Chemist: 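Have a look at this one before I ask anything.
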Amino acid sequence: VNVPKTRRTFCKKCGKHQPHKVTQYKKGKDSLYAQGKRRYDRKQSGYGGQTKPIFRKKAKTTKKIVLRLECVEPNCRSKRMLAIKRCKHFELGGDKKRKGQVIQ
Amino acid sequence: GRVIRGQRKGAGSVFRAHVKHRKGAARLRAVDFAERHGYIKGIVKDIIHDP
Amino acid sequence: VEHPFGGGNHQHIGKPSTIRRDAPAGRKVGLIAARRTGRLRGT
RNA sequence: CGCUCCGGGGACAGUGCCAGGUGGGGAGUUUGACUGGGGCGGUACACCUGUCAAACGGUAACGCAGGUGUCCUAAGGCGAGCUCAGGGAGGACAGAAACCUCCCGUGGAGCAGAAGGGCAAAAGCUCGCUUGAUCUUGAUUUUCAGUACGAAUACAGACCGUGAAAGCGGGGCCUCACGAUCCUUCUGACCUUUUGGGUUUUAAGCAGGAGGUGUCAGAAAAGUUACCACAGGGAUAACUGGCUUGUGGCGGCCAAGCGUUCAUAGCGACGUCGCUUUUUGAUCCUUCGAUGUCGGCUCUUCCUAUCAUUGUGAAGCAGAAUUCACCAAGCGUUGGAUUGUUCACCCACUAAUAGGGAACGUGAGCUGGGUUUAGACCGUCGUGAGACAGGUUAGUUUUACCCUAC
RNA sequence: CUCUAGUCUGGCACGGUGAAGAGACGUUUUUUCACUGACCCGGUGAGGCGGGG
RNA sequence: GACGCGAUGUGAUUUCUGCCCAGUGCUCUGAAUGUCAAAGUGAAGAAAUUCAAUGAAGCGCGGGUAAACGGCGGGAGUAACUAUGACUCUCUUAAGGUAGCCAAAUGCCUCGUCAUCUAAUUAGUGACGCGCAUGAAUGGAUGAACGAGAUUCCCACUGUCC
RNA sequence: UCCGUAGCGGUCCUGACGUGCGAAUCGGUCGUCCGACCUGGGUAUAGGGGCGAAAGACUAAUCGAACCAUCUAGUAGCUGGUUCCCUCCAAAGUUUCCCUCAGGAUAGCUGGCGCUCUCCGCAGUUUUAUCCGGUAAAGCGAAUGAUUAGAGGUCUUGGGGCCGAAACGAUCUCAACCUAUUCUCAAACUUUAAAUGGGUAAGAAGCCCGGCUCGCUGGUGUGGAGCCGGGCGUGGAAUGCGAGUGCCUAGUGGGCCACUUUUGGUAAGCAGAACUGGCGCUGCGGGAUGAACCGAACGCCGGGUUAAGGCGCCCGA
Ligand SMILES: [Mg+2]
Ligand SMILES: [Mg+2]
Ligand SMILES: [Mg+2]
Ligand SMILES: [Mg+2]
Ligand SMILES: [Mg+2]
Ligand SMILES: [Mg+2]
Ligand SMILES: [Mg+2]
Ligand SMILES: [Mg+2]
Ligand SMILES: [Mg+2]
Ligand SMILES: [Mg+2]
Ligand SMILES: [Mg+2]
Ligand SMILES: [Mg+2]
Ligand SMILES: [Mg+2]
Ligand SMILES: [Mg+2]
Ligand SMILES: [Mg+2]
Ligand SMILES: [Mg+2]
Ligand SMILES: [Mg+2]
Ligand SMILES: [Mg+2]
Ligand SMILES: [Mg+2]
Ligand SMILES: [Mg+2]
Ligand SMILES: [Mg+2]
Ligand SMILES: [Mg+2]
Ligand SMILES: [Mg+2]
Ligand SMILES: [Mg+2]
Ligand SMILES: [Mg+2]
Ligand SMILES: [Mg+2]
Ligand SMILES: [Mg+2]
Ligand SMILES: [Mg+2]
Ligand SMILES: [Mg+2]
Ligand SMILES: [Mg+2]
Ligand SMILES: [Mg+2]
Ligand SMILES: [Mg+2]
Ligand SMILES: [Mg+2]
Ligand SMILES: [Mg+2]
Ligand SMILES: [Mg+2]
Ligand SMILES: [Mg+2]
Ligand SMILES: [Mg+2]
Ligand SMILES: [Mg+2]
Ligand SMILES: [Mg+2]
Ligand SMILES: [Mg+2]
Ligand SMILES: [Mg+2]
Ligand SMILES: [Mg+2]
Ligand SMILES: [Mg+2]
Ligand SMILES: [Mg+2]
Ligand SMILES: [Mg+2]
Ligand SMILES: [Mg+2]
Ligand SMILES: [Mg+2]
Ligand SMILES: [Mg+2]
Ligand SMILES: [Mg+2]
Ligand SMILES: [Mg+2]
Ligand SMILES: [Mg+2]
Ligand SMILES: [Mg+2]
Ligand SMILES: [Mg+2]
Ligand SMILES: [Zn+2]
C-alpha cells in the first residue's frame, strides 16, 4: 500500500486536528532487565534444558503495519500508534499514481 | 545399545595377555658406573623361545 | 545394538567408515582419523 | 669438599573452576485429527457465495460449482458534471479493428477479486477539495451456550473534511479477507508503587496498538519394528455367511441384415426386458476372552444351464458325419509331461473326456508344495533402523475316553 | 525435540628466576632465548654425581 | 614397541578390479580472514549499566582422498530391397556402466525367443541381451577338491503306485 | 587327509510320543572322530552390565535388557463385576467448545426440595384481520442458458457460380444475418405462482379528558417523552386448562426403524438429511414365526362388549 508522510489528524494532547509526521513503527531491542526476561534467564539456568515453548509452526506471511504518528507542534510533540490492515508491500510517500496516462 | 567389542577390551579379564609361559620382561641391563664409564663383559648361556 | 555398522536387509555399512578423531567410544570404529582411504599408488 | 639419589623434561604437560564448539557413545520424550478399515491421496480442520434445503429460520455426507489468507492515499470521504456495453448511418489516408460526428440504446457495461444481491441527473466515468481509515463511552445484531474473537448496525460526546445548503462521512455498495492468557516492544499521564524516610536512574503497574498460535477457542515434537509388548474393539479391515448385481455368466422380445434366392434351418446389428450367485466388486449386519486362513489327495450327496448314452422333434437332414430343440441328472465323464496351483497348455485313449454346489464341502482326515513369524542371499528404495501381492532357501500341523450322527 | 559422559579450545589459579625485543594509549600487553625450586617421567638393592687435587 | 598393537572392509587359488571428489563423510593448510563465548582492555555515565575495539577452537574459504559412504544419461537423422544401423547432430551432469556376466538366488512384461532334453515340459541345460532394476574388494568372472546346502536328467533298484 | 568305533553332535523320516519316559525324550538313518577335538575340577568377567567363529544367541526351564525386595494399593478416556423389598416420577444418543472422534465441559431432556398467589392468566388448536416467502406447479410467441424444424425477406457482408472485361447489373443459389412462427428443457433460470407453513393483533399494562415538567426538539404553551388528577367494566372471538417462580440435581451426549419429502450410489437389510410417530425403555390381541407392521399401551379380579384380525380341522368362532 501507499500512505503519505504527512497526515492531518486528531491529537489527544491538543484536543484538535493537527498535521502529523508519519513513520513506520519497528520493534525495539529487548531489554535484559525486564521481569519476564529475568525470570526466563533464571529458569533456563542450570539443568533441565529448554523450559518455555519455542514456536515453530509459523503460518502468516506479513505483519500488520503500524504508523507512528507524531505531532508537528513544538509544544506538543506527542506520538501514538495507528495500525492498518495486513499488506505484503508498504511504502511511505512514493509515486502518487495518476489517471489517463500512457502505460509503458 | 549394547557396549561394543572394542570397548569391552579395556576392562580386561578376558582380553588380558596370556603371560603364563612367558620367560620374563626382555630388557637391557641397567645403567651403572661400569656401563657409563667403561664396559662390562657377560656370557650368552642359552637362546630361548618366548611364547 | 552390537555395532554402529550392523543391521539392514543387506550386509552394508550405510555410513562413511572414515570417522573423526574426537569421536566417542562405541562410535569410533572403521577407519579412524583417515587422511586418505584408497589403494596405495605411488608414495 | 659439597645443597638436591642419578638422568630426562619444566612455568609448560597436568589438576581445580568457568566459557564456546563437538557429541544418537548415552538418557528422556514426541512423531495431530477427519476418514465408507488403516496407509497413500485430499482438507470436507478457520472463513465466504449459489445450490442441496422440501416458498419463515435452521438442517448432513471425502454432496455439486467456486473463491480466501490479498488489494487500495485511493479503489476511503464529500461535491459537481456526464452516461455505459453494443448497434446503425456517415467522414482523406483508414482497411474487421486507430479518430470525429449524429441517432437508437432499462443497463445487455462498470463497480479490485469467487458468486449472488444492489445501483443511471448513480454506487459507474472524469475532475476539485480532502483524511470520518482520527479520539472516546456505553448499547445492539451476527456465530452462539445466547460465551468470546472476528465482522457489522443504530446512537451519544469531541474535533474535522466536503458542499451554497439540506446533508453525507468515524474505511472500501452489502455478504469473507483473520487471532486469548504468559512474555516482549511502542505510545499516553507534572499518573501510582519501588517498602524506615527524601532525591535521581532503574524496575513493577494502569490504558491503548503490535510481535502468533492456518490443527485458525491457540502443546514446543522425525522414523522403524517380520524381535515385539499391554488395555481393548467385531464401533474397524483381511475368511465364510447375508442384502445388492455395477462387472462376470446365462436366457429372452423386436427384426435392419448374413445365409447364391430367403428376416426368423442356423445366426443376428441398433435397442430393450430378465434370471443366477460357480467371477470380481460395493457394503460392514455376525465373529477379534480366536469359527484353523490356498491347493492337492480321499469320500459321500445334491443341482441342471445335457458332453455322451435311452426316447424324440427340426435342418441349408440323400447316406455318413454334424448342428438346433424337448422329456430327461438313471449311469458315466479317464491315464499322463509342465506348474504349489485354481486356471491354463500339450500327448494319448475314449462314448464323452459337460458345467457346478455342499462354511469358495472336506487340516482332533492327511499333506505342507504355496501363502503367512523368527535365520539368510539378490534386485530396487531409504542417510539409517528397515520396506517391497519382487524373486530364492530352511523352517514343531496338539487332544476325543464326553454328547449326538453314522 | 531437549539434554549428557567423553573430547577440542580460551580464561583464572597452583605458577616462580632472569635476559633481550616488539608494543597500545612511566604502568601494562605479549614473542623468543635460557634457569630450577613447585610439578611430571624413567632407572636403581636411590653404588662411585658436580667441581677440585 | 611398527615383521608390534589397535580399528575396518573383502573372503582360498587363477584372472582382473574401469570412470566419478559434484553430494555426504574423513583429512590437511591458515592472523592471507567473514562469523565467533567467557575472561581481559578502552570510553561515557552518580553507579547499576551501555557502547566500541580485540576476538581461541569450531563453522565458512581452499587442496587431497572412492580396496570412504556411494553413484555411473536422454532424443533424432544416417549403408540406393526390408530392417538393424558402425557414423553425425543436439540436450546435458561430478561422471554417464569399462572388462565381464545374465530371464541368474537378480527380468515386471514372461510360461521372453531359438536350440536340446520328452509322446507331451510354467521345470533343467546351452545360447540371444532391448539389462522394470547385472557389474567389478557395497567385489566381477572363473574354478579342482569338498558339502546331512538348492535344482534337472539318465542307469540300476524297488508296494511310491496300478 | 578318507571309511569307521568309543566320545562329541543332531540331517531326514517333517517317524514314535505329543493330559508323553521326558516343561524337548526315543528309534532307524546321519555329521565329525589328531585337531579350530572332547571333558572334570579350580578361577575371571554381573544386568543397559557381562559374554558372543554373531543366532539378538547365552547369562540357573526366565533374555530385543535376568532374578528378589521396595517405591506400589504406580496410572488406565479401556474390560469385567457392583449384594433387601415396595411405592411415585422418569430420560438421552441433540447444540457449542476442546490434539475433541471409545472421553469431558456446556445447553437441552429428568428428579427432588419448595415458595408466591388462585380457590386474571396460559395453550404443539381453531376462527377473524394483517404481513412474509419463491418450493410444487407453470413459462420459454417474457430476460439468461440450452435447443429442433420449415416459411418469408432485402442486400447486410459471404461460401459455389454464371451471362456480363465490367457497375447496388442479369440472376439462380446456398450458409451465416433479419422477421413472424414451431418442437423440446433448467438443483446452482425466471415474468407468474399455490397447498402446508412462519410472525403480530383480538383491551383495564386499554381508551379517554384536564393540568404540570424538560437542559431534547422546534416559526408557533410547536412536537415528543415523562409525571399527576379524574371518568369509562357488556373483562370486547371459539374451545379447553389452576398458574407463576427459585434453588440443587443424576443419567445421557455410539442410536436404529417406518409414511411422506429428499442427497450420493446400478443397487443394497448401503451411506447421509427434514417432519412426525415408534423401537430403544414396552408388556398385550393379530400378522404361523418376529425390536420397529395393524390394533391397543399394562395395579389384582368377576360380568358384558369391541379394535386389528379372523370363523373346514389343528384352533375359540
Ligand atoms: Mg549452565
Ligand atoms: Mg548405534
Ligand atoms: Mg543405498
Ligand atoms: Mg548423541
Ligand atoms: Mg535415543
Ligand atoms: Mg486417525
Ligand atoms: Mg420450509
Ligand atoms: Mg452526484
Ligand atoms: Mg459523531
Ligand atoms: Mg466507493
Ligand atoms: Mg525380516
Ligand atoms: Mg512391516
Ligand atoms: Mg493385545
Ligand atoms: Mg460390525
Ligand atoms: Mg462377506
Ligand atoms: Mg450383465
Ligand atoms: Mg438377403
Ligand atoms: Mg452403519
Ligand atoms: Mg467364540
Ligand atoms: Mg470347527
Ligand atoms: Mg432341462
Ligand atoms: Mg473351504
Ligand atoms: Mg473338520
Ligand atoms: Mg490339523
Ligand atoms: Mg513350506
Ligand atoms: Mg522369514
Ligand atoms: Mg476302551
Ligand atoms: Mg572397503
Ligand atoms: Mg572400483
Ligand atoms: Mg569430497
Ligand atoms: Mg555392457
Ligand atoms: Mg520332470
Ligand atoms: Mg539359462
Ligand atoms: Mg550396482
Ligand atoms: Mg550389486
Ligand atoms: Mg580328518
Ligand atoms: Mg572322516
Ligand atoms: Mg515328527
Ligand atoms: Mg496319542
Ligand atoms: Mg515306561
Ligand atoms: Mg563394567
Ligand atoms: Mg562359539
Ligand atoms: Mg534379526
Ligand atoms: Mg477414549
Ligand atoms: Mg465399550
Ligand atoms: Mg430457495
Ligand atoms: Mg417444476
Ligand atoms: Mg440410514
Ligand atoms: Mg418413552
Ligand atoms: Mg409397543
Ligand atoms: Mg407372514
Ligand atoms: Mg374381560
Ligand atoms: Mg387363524
Ligand atoms: Zn499535539
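Reminder, nothing fancy here: chain letters follow the sequence lines and each chain counts from 1.
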Chemist: Answer yes or no: does atom CZ of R36(C) have more than 12 heavy-atom neighbours from other residues, nucleotides or ligands under 6.0 Å?
Modeler: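 Enclosed.
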Chemist: Using heavy atoms and a sub-4.5 Å threshold, report which of residues 3-30 of chain B line up against chain C, by residue number.
Modeler: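 So the qualifying residues are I4(B), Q7(B).
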Chemist: For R39(C), is the CZ atom crowded, meaning more than 12 foreign heavy atoms sit under 6.0 Å from it?
Modeler: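 No - once you tally the heavy atoms of other residues, nucleotides and ligands closer than 6.0 Å, there are 12 at most.
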